[PDB]
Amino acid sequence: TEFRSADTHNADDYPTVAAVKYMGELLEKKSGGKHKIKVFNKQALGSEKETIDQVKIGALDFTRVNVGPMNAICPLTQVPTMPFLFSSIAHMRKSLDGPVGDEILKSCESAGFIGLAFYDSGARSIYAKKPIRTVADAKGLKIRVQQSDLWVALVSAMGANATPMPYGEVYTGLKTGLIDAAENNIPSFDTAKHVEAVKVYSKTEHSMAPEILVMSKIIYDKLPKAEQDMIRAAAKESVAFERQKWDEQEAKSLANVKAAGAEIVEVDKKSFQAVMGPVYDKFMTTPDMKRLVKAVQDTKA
C-alpha cells in the first residue's frame, strides 16, 4: 500500500523529511515493492498537534513530530524532553538507541501509537531580540514554547512568560511582536526564517527533546506480522541516515544564520540548570519516569 506520513517542516530536504523518505525506500525494498511511503511536509496534513490526532484515529498512517506535543498523550516522551537530562548529543543518541528509548517507544501503544524511531533534533536554545545569558535575563521574556504543560513549566522555571503555540505561527508572531522570543535548534531557527525576525541566539541548550516517528496502531494492527516487522526495521535503519543528514544541516544552517547576522551568544548554562530541580519534582512523578531518568544518567560514556 501507499502509506502517508506528515512533517511540519517546509523544506523538502529537511533531515526529518529526507529520513522518512529514506525509510520509505527501505520499506519498498524489504516488502518487495509492496509498501511505499509518501511524505507530506509543509504541514500539508495539519499542525503537529492535528496530525497526532489524525494518526490516533487511523486517518493518517504516520506522523513525524517532536516529543513536545506527545508529552501528554504518551507521557514517557516527557523523559527525553527534560531539561539538561543528557550531558551531550552522544549521550542522547546512546540513550535513545538503547533500552531507554525502546521502552519509551513501546509505551505509546497504550495511547494508540506505535513508536518506531527517535530522530535527532540537536539542542534547543533561546532566540530573541536581546541576549539571555543568565536566568535573570530571561525573567519576564515573552517566549513561545511547544504545546505541552511540561514545556510551559520548563521555560517558566527560568522566570520567562512561556506561551504555547503551534510551530507554524511562530514566524509571524516574532515578526509582528506578538511574541518576543522562541527556542529551538539552529536548523529550525534558520529554515523557519525565525532568524529574519530575531537575531540573538543564546545557547542555553535547555532541552534535547528528540523527534519521534509514530504509526497509527489502528493501521499497524491490520497488517501481517511480517510486514509490521518490515516497518519497524525500516524505521530503525533510517535513524543513522537522519543523523548524518542532521549533522550536515547543523553546519549548513549555522553558516546561514551567521552570514545573515545572527549573534550567537555563549551562556552560563549552570544558571539555567540550577533552576530545574522543581521541574523534575513536578513532572517526573511515576516509578517508570524516575527509573528511566536514572537509567539515562547511569549511562556510561
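The first residue of the sequence shown is number 1, and the count goes up from there.
Once the C-alpha B-factors are averaged per stretch, 144-152 and 222-230 rank with 222-230 first. For the pair 118-126 and 173-181, the mean B factor over Cα atoms is greater in 173-181. Within the listed group 42, 64, 49, 270, the record reports its top CA B-factor for 270. Across 248, 266, 53, 242, the greatest Cα temperature factor reported in the deposited entry is at 266.
In the deposited entry, the Cα temperature factor of residue 277 places it in the middle third of its chain's modelled residues. In this PDB entry, residue 110 carries a Cα temperature factor that places it within the highest third of its chain's modelled residues. The deposited CA B-factor of residue 262 belongs to the highest third of values across its chain. Ranked by C-alpha B-factor against the other modelled residues of its chain, residue 164 falls in the middle third. When all modelled residues of the chain are sorted by CA temperature factor, residue 11 is found within the highest third.
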